[PDB]
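Overview (structure and organization)
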Amino acid sequence: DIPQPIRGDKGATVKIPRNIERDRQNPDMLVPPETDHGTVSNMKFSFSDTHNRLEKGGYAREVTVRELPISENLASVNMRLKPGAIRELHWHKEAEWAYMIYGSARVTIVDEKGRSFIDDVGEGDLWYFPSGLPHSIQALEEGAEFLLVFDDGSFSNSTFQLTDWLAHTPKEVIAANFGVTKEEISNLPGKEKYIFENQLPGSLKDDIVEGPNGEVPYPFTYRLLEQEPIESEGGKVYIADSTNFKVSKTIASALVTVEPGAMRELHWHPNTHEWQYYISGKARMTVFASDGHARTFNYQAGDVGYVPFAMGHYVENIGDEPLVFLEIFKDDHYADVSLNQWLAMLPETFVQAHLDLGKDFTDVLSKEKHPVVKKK
Amino acid sequence: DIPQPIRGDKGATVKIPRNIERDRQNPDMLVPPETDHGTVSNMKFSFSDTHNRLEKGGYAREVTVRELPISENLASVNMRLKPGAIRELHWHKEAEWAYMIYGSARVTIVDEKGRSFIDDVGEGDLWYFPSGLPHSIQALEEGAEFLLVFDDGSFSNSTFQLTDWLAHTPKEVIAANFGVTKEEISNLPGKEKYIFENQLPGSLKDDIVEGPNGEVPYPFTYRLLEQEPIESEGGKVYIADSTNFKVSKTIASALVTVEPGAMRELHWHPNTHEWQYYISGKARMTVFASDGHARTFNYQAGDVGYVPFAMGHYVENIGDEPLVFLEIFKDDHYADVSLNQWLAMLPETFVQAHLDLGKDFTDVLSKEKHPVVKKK
Amino acid sequence: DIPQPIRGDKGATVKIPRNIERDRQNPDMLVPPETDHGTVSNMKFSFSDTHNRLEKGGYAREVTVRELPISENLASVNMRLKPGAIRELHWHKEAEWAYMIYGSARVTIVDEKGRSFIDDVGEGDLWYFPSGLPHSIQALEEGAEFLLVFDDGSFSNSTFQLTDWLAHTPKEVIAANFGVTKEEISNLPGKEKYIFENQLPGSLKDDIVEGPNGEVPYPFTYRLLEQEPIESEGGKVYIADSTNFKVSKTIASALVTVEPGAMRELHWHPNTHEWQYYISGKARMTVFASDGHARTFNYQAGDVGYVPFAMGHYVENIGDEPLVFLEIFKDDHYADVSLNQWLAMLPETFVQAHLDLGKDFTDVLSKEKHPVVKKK
Amino acid sequence: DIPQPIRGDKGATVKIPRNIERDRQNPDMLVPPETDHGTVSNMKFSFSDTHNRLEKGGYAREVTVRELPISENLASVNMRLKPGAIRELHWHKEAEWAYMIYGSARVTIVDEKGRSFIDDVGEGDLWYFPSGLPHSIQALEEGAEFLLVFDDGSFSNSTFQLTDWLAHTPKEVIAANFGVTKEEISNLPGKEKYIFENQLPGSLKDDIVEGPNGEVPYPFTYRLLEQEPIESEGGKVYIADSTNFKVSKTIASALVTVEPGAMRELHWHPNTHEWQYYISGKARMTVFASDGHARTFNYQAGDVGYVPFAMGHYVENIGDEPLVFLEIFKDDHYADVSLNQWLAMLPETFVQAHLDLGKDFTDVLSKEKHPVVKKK
Amino acid sequence: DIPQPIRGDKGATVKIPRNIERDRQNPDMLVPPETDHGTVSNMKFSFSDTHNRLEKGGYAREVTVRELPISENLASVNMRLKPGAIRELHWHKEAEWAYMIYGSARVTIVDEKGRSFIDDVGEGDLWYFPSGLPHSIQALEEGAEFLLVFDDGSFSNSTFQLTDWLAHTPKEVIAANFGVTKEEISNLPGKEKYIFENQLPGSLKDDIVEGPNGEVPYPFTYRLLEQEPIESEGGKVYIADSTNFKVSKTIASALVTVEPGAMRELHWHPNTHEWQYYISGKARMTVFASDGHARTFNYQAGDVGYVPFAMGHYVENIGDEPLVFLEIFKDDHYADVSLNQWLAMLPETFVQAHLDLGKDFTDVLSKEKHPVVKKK
Ligand SMILES: O=C([O-])C(=O)[O-]
Ligand SMILES: O=C([O-])C(=O)[O-]
Ligand SMILES: O=C([O-])C(=O)[O-]
Ligand SMILES: O=C([O-])C(=O)[O-]
Ligand SMILES: O=C([O-])C(=O)[O-]
Ligand SMILES: [Co+2]
Ligand SMILES: [Co+2]
Ligand SMILES: [Co+2]
Ligand SMILES: [Co+2]
Ligand SMILES: [Co+2]
Ligand code: NA
Ligand code: NA
Ligand code: NA
Ligand code: NA
Ligand code: NA
């Protein structure tokens, strides 16, 4: 019913007004593992705790370094479009990564050689837009809801939109630029649109714009869920980085599915920081920060998590439904070190010497890697 | 039942897994006022979203700049003690301010001239401990739960405790220091205690330690709720700063009570930033950040809020119970500018010229200040 | 006619397209003193080199740290109002200092106790508005042009205006705040005004708003040119700081007049940095930056200058008209050390030992201070 | 005659002493486009506003981050040499890029394998010296004036010269280093030379030093104006980056010629910041900074301009002579996105939906890129 | 003989070439107390490890933040003058504090009102020169060696000297400034002197310069060793801060003498950081840094030590001669909390509860403060 912060003979009942409903969401924080210790930065924020920007055509909300200070290199947007609705043609400094959670959308991109790419993106699909290349998103008939990642954390939306530019350009100059009159463009919008209602497009193949510069070298979309996952006992892992999704130079990703009674094994990342989005399910994760520092967090749908470079962690399902979350990295490749596989590949007695345990332990070690394992 | 982010013809239903329960807590964020605009830093964090440290004798949890990056100058602890239980003798770099929310406690402090102050602190009472002066807290028979503020935001607990010092001092040196043998102190704790169980003390007057250095010049405790408040229509405001609570040089405070259907009026602070703790009730606040920037937040019990220097704001009760919250300032005095009183003290026609309104508006302006006002 | 960068046998003629007209403005930079040496930061910027913001009622342009990086603590605005025209009621984080160069204006200010101050300010008059206290400016019949200083350099205008606040506040809340209906304020401006046209006010004494809180302790205006200046041979110096202009806690100022063939003597400032505005005339100044570093600059009307803390400098008139400029300091008092008076107050032979000169030099030293001296 | 800051019913005449001559240089700043909005950092500085360092043999002046704070990654020197005159053998941390505007010069460079490169550089030619590789410049018979760029903005000249090193090395050590006596080097300069007069060299082929290490892999000079430019209607663009000028790893450049009545089209850069030098002509440029922020600047000969990463801009000729300026980038390649070509490669109706315009607009869009366009 | 890093069953002999002589100087670092733990910044640097600047007349060497990064607010110079020798008239941004260790010197200072102070300073005497006020030092017949402290740590000597200024000022300007000819000052030094040989002065009373501005309000010299010290069992403490040495606003100091077999008691400072100079003797000090962090250092003559704000420490004599060292604070007052006196002024049983000890311990506690205690 009413949880209290009490572990054996430690803790006490809360005696002041309180937020019982969040307490129920964070059992491993109201009552942390004995093994937790030391000061650790917050690694947890909820999109439901952010200002939702509402437009005609949908909404957008963001978690940034101003919300989650630990994540300096990475920021995120939860964006929703209604059918036909357009996220306005635009560009950023930051590169853009996306996972399509609900629905479908058509995207356009034009690169620096004037070659265009137009494609339809479904559930489980990704796009990656390189830094500074202009693009757009239009929801199809189901509408669309997707998660966006940008490789800077100071990122507010702070974005360049097509009509915001022209609205703050002398009409004199725009005319000269295109070779028309001032009057011929009297009706340019006096203000940005950002997201706006529009009619559903037609077939993709009818929208494909052909040009003298040719096809682009590598596609900007990736069908993640149509690749053969790494399947282990308690779940699936789908990886997309610059090695298979070529243009994704600055973002490496993994979609992790964890069945009930399963966990993303103890591991860490040797290349860089890990940014997390929880799509569905409930989880806990303890972050090992070295020098006997450790802090445990709770996550569920709509939460952003974080694991600083090289810190040891696990991700454990603690509910009845499957756990589905994204592992995101600002890097050109995915990499992890498995605790199991590490010790498996060392001399038996050496490990035994370290852990004060016998052969009955080293016998269970596996030399294959199993990202997601299941209980007994 | 199920809230959606929809305002008239803007927004759309959520189509991905989500945190309905937080959504219900943040109505003015899932559906913000039309008048909200622009990128504004998060001004909202919940203690229920922090790691609770559990000890024999109670708990402590903290909101810091690592949780709420905007608050660089101020940090807070929610501390709970069981009866008899001692928060260990210690000292910090930071000055310490407190509000006793539940129960009662006995405190000790000794200053830099070797004068001691020992006092009992009840519900509604404050203490202020200057930077670097050593102190302690012991809960009496009801136990104790209080809110602590420290005038640095980078503050982890990162504190100097008496037994942690001696445990990391050569026994050789401790002995020489006091003029005893190594054996006479063989039983010094090999580890810090921090919070620990203990027997209830006796009467205060039996604990008063007398010394050759004399009484301290100004008390370190303040009975806030025994002062005559500023009473206006919709509520009460109790102010304590360096002008009435003399030793409170670096912390100015206000306890604000707002009845249902009432609000803390539109105002701002000309001296410095405002840090907020919500003791009970539910609230919304819009922060006006200049240059047409504004963001609205929701608050309830256990939440920390923030208002950057000089930004315009109001605090409105949006539930059935009274709204009770603290306004905290890193400064030697409390100061606000009331929107009402400002315009009241200007020429009638001048204000009219500004607002495009008539005498039917200027007639309502009041030259007295009413921090908390009530509706119609 | 055509200046070249040539000093004796150093330099050469310019051989690329060039800006002859600026070259003519900076003779001591195109051809620096032999004695100049080393890398020194730019200490010179012109308001004519800034974006002029044009409104109905006037203009405003600013020199900030984004223009002049050396000046981190101080920024400036050149503001112009037409007759009747209002700079909109507003407030800043930064304190505000002003010199009325042309015309006259009426100002209002209300402090944190709800006491109002309304006064008329003429040519040669100052105002100082403490941090966060709300104010306004309205030009009288001649109109008005004045120089503003704010004690932060990162200061863009980034200011809080009255109608910008209300436009980004829920109408629901504004109504409750004042106790009127939504309809009663349907006509509130949907946008800031900033500067706007208005009818000339009436007599000052008819505008004086009386209140229950009383008169303010110290006036916010100062008649600088009606004080007896420090008169020396080549000019006049008028000083206003916290010692005579009481409320001017964070800004110390001097208006310096230098006749032709005269100079502001060799001196430095022991308290803090010096910020300069050149009102009229032409000047040169060499900044001595220690360790044999020295750079000379040219200044004329509309230029901002700067002298980092304690650096040695002189200000010399190099044209036919009087030189009039402001010395501004972020401090509660004015202070200078005169090179002459320094050496005058030391033993004769001691100075002689230092400078390798005789009694024919020490005999000219004066023990009185003469800020501004004249040639032979 | 006398310009005023007046646009229709906005602005007013200047009423204080002022710099009419600079006002005449900045028409689009004294009177900005209506479409300008918001606070934008200064993007404009003039070499004529810098201290000219005069030596026997020529001069050097620099624009740095201390002059133009926005340009943190890039700094520049305007250097002039007389005939025969030597810029002393030296090296920097920063890489060095150059454009030869007037005259000609002979350069030497020796790399880290002891291979030397000696070459003659004429008008329109470039050199690039990698970081830390030692080099020199000697003007031939016409003398020489060139623009230097270094890929750090904090760059003062702060350079290592050959004789400054030896002058601050123990003579004992120098002797041991070369295997001579102290007396054999008694005449080493006791001070740096930097720039000094010297006799004209002979034929290049007579100076070519041959060594056991061999020819260098890629030349350090590039004949820019002997390459076939991108020719469009209103001008020419010559590009040199790491793809054609191999060693130019950290500097990408474009020489842009704009005829009268022409403009460098609306575009932006997706890779990095743009640094500008105006060689001849007069120009205006509006910088689109996103979020409805835009500021217009004026440029002419001797001015440095700047465009932060990805910001939208155009460069328009506003005088009777051709406009010639350099686009400089700290990157290994040149890249731009053309506004025209972007929209050209999108579906017709999609663009129409965005801009609120018809087919009479989309019909003018071109799929080829025309950097420089001409009016009607 | 040969020390090894071995404590009981921990450590091992050194097996690589090593610095046995420093090892002998740092016994408590080669073999630290068991109680040491954790990463702590270096708190120790030796003047013998710095570049000695040699001039005609003496030397100067400095320890700065570039040597000892922990000390950001404070820097020091060891300065030596020969008889008659002059440290050149000069001024700094930083305030200047001094202790005269050997010999004697005459100082001059002139303040901002043109009042001069000239005085003779002996062994055990201090001077304090406020920020930016010009001064000089001349050694008398024994010569002089003194320790200087400046309240900034980034302080190189980076100082303004009188002849460096005039050497980098146009002769034209100097002449106009004083009203003489260029020829009358043809012999001004073309270079700074800094320290230079000179004849011994005469009697002080013959050097006293009288002026129209009057005597200075408070002297700039303090006879420290002629005040009655705090005398305790193992030593003496002489304190000088703004309360007794009035002008010493930004520097608080203590000269501490510790007899053999004695120690500066366990204590900390509640106001600010402690900077240390060891004049004579040998010492060890353990710094308690909180969170179980502690590091022990060794000090002897010529060493600079440091104790960050509020950190617990003791200073123990570990040799045969008395220990003499300075405690320096950037603050307007001296303050310490004694561990003994703290616990002495608390209830007996309360302390007992904390330390797990009995009355046989609390009985030894003293309510008087004894900075320096002696062993048994
Ligand atoms: O989709 C985007 O690029 C955005 O929201 O800024
Ligand atoms: O109470 C305190 O001082 C703490 O928690 O650090
Ligand atoms: O006058 C002012 O305060 C301004 O321009 O921001
Ligand atoms: O040419 C250069 O390298 C310079 O001026 O430092
Ligand atoms: O004595 C001084 O002031 C110095 O050494 O800079
Ligand atoms: Co991971
Ligand atoms: Co407030
Ligand atoms: Co000055
Ligand atoms: Co460009
Ligand atoms: Co101490
Ligand atoms: Na550990
Ligand atoms: Na606005
Ligand atoms: Na020098
Ligand atoms: Na906008
Ligand atoms: Na510990």
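Residues numbered from 1 in each chain as written, not as in the entry; some residues may be left out. Chains lettered and ligands numbered in written order. Part of a larger assembly, values for the part shown. Heavy atoms only, no water. Residues with missing side-chain atoms left out of burial classes, pairs and counts.

In its metadata, the entry names X-ray crystallography as the structure determination method and reports 2.602 Å as the resolution.

A few words on the relation of the copies chain C and chain D. The two copies are related by a screw motion: chain C maps onto chain D through a turn of 180° and a shift of 0.0 Å along the axis, at an RMSD of 0.0 Å. Given the turn and translation reported, the copies of this chain are related as if by a two-fold rotation axis. Using C-alpha coordinates, one finds that chain C approaches the rotation axis most closely at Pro-69 of chain C, a distance of 3.0 Å. Comparing contact sets, 100% of the residues at the interface of chain C also lie at the interface in chain D, consistent with an isologous, same-surface contact. (Least-squares fit on C-alpha atoms. Contact = heavy atoms within 4.5 Å.)

Moving on to the coordination of the cobalt ion (ligand 10). All names here are of chain E. Donor atoms from the polypeptide that coordinate the cobalt ion (ligand 10) comprise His-267 (NE2), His-269 (NE2), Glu-274 (OE) and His-313 (NE2), at 1.9 to 2.4 Å from the metal. Around the cobalt ion (ligand 10), the four donor atoms are arranged such that angles at the metal cover 84 to 170°; this shape is classified as irregular. Ordering the donors of the cobalt ion (ligand 10) by residue number gives the pattern H-x1-H-x4-E-x38-H. No difference in accessibility class separates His-267 from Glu-274, as the two residues are buried. (Donors = N, O, S within 2.8 Å, 3.2 Å for Na, K, Ca; no water. Tetrahedral: all angles 85-135°; square planar, octahedral: opposite > 155°, others 65-115°. Buried < 20%, exposed > 50% of the residue type's maximum accessible area, 1.4 Å probe, protein only.)

A separate point is the site of ligand 3. All names here are of chain C. In the vicinity of ligand 3, the contacting residues are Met-79, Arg-87, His-90, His-92, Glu-96, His-135, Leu-148, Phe-150, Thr-159 and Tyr-194. Residue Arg-87 places a side-chain N or O atom 3.3 Å away from an oxygen atom belonging to ligand 3. Contact with the protein chains hides 100% of the accessible area of ligand 3, taken as 210 Å² for the molecule alone. Secondary-structure elements contributing two or more residues to the shell around ligand 3 are β7 (86-91) and β11 (135-150). Broken down by element, the shell around ligand 3 gets its largest block of residues, three residues, from β11. Residues that form the shell around ligand 3 fall into these classes: four nonpolar, four polar and two charged. (Near = heavy atom within 4 Å. Polar contact = N/O pair within 3.5 Å; in protein donor to acceptor, adjacent residues only side chain to side chain. Areas by Shrake-Rupley, 256 points an atom, 1.4 Å probe, with all protein chains shown as cover. Helix = DSSP H or I, 4+ residues; strand = E, 2+ residues; numbered from the N terminus. Nonpolar A, V, L, I, M, F, W, Y, C, P; charged D, E, K, R; others polar.)

Time to look at the coordination of the cobalt ion (ligand 8). Residue and element names in this part refer to chain C. Taken together, the protein donors to the cobalt ion (ligand 8) comprise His-267 (NE2), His-269 (NE2), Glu-274 (OE) and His-313 (NE2), at separations of 1.9 to 2.4 Å. For the cobalt ion (ligand 8), the four donor atoms in the first shell make angles of 84 to 170° at the metal, so the coordination geometry reads as irregular. Within one chain, the residues serving as donors to the cobalt ion (ligand 8) are arranged as H-x1-H-x4-E-x38-H. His-267 gets classed as buried once you look at its relative accessible area, which sits at 0%. Of the residues examined, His-269 reaches a relative accessible area of 2% and is grouped as buried.

This part takes up the site of ligand 2. Residue and element names in this part refer to chain B. Close to ligand 2 lie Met-79, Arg-87, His-90, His-92, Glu-96, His-135, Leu-148, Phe-150, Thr-159 and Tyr-194. One nitrogen or oxygen atom from the side chain of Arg-87 is found 3.3 Å from an oxygen atom belonging to ligand 2. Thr-159 places a polar side-chain atom, nitrogen or oxygen, 3.4 Å from an oxygen atom of ligand 2. Bound to the protein, ligand 2 loses 99% of the 210 Å² it would expose on its own. Elements supplying a minimum of two residues to the shell around ligand 2: β7 (86-91) and β11 (135-150). Examining the composition of the shell around ligand 2, we find that three residues originate from one element, β11, more than from any other.

Counted under the stated rule, the structure contains 91 aromatic pairs over all chains. Look at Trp-342 of chain B and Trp-91 of chain C: their rings are 5.9 Å apart centre to centre, the planes differ by 85°, and that puts the pair in the edge-to-face class. With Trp-342 of chain B in helix α5 (residues 339-344) and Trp-91 of chain C in strand β7, this residue pair bridges two chains. On the basis of relative accessibility, which here comes to 1%, the residue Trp-342 of chain B falls in the buried class. Judged by centre distance (5.3 Å) and plane angle (90°), the ring pair of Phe-329 of chain E and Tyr-334 of chain E falls under edge-to-face. Each member of the pair, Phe-329 of chain E as well as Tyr-334 of chain E, carries the same accessibility label: buried. Taken together, the ring pairs in this structure connect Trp-91, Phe-160 and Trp-165 of chain A together with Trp-268, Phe-288 and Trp-342 of chain D into an aromatic cluster. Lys-193 of chain A extends its terminal NZ or CZ atom over the ring of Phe-196 of chain A, reaching a point 4.8 Å from the ring centre. Residue placement shows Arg-53 of chain E over the ring face of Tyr-194 of chain E; its charged tip is 3.7 Å from the ring centre. (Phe/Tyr/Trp six-rings, centres within 6.5 Å; stacked < 30°, edge-to-face > 60°. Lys NZ or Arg CZ within 6 Å of the ring centre and 35° of its normal.)

This part takes up the sheet that holds strand β16 (residues 235-240) of chain E. Residue and element names in this part refer to chain E. The antiparallel open sheet is built from seven strands, whose spatial order is β3-β22-β19-β24-β17-β16-β15. Whereas interior strands pair on both sides, the edge strands pair on one side only; in this sheet they are β3 (44-46) and β15 (230-232). Sheet twist, expressed as the average angle between the axes of neighbouring strands with direction ignored, equals 20°. In the sheet, strand β17 (residues 252-258) pairs with strand β24 (residues 323-329) via seven bridges, with the strands oriented antiparallel. Bridge assignment links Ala-252 to a residue of β24, and that residue is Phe-329. (Pairing = 2+ DSSP bridges. Axes fitted to C-alpha atoms, helices over the stretch in contact; angles between N-to-C directions.)

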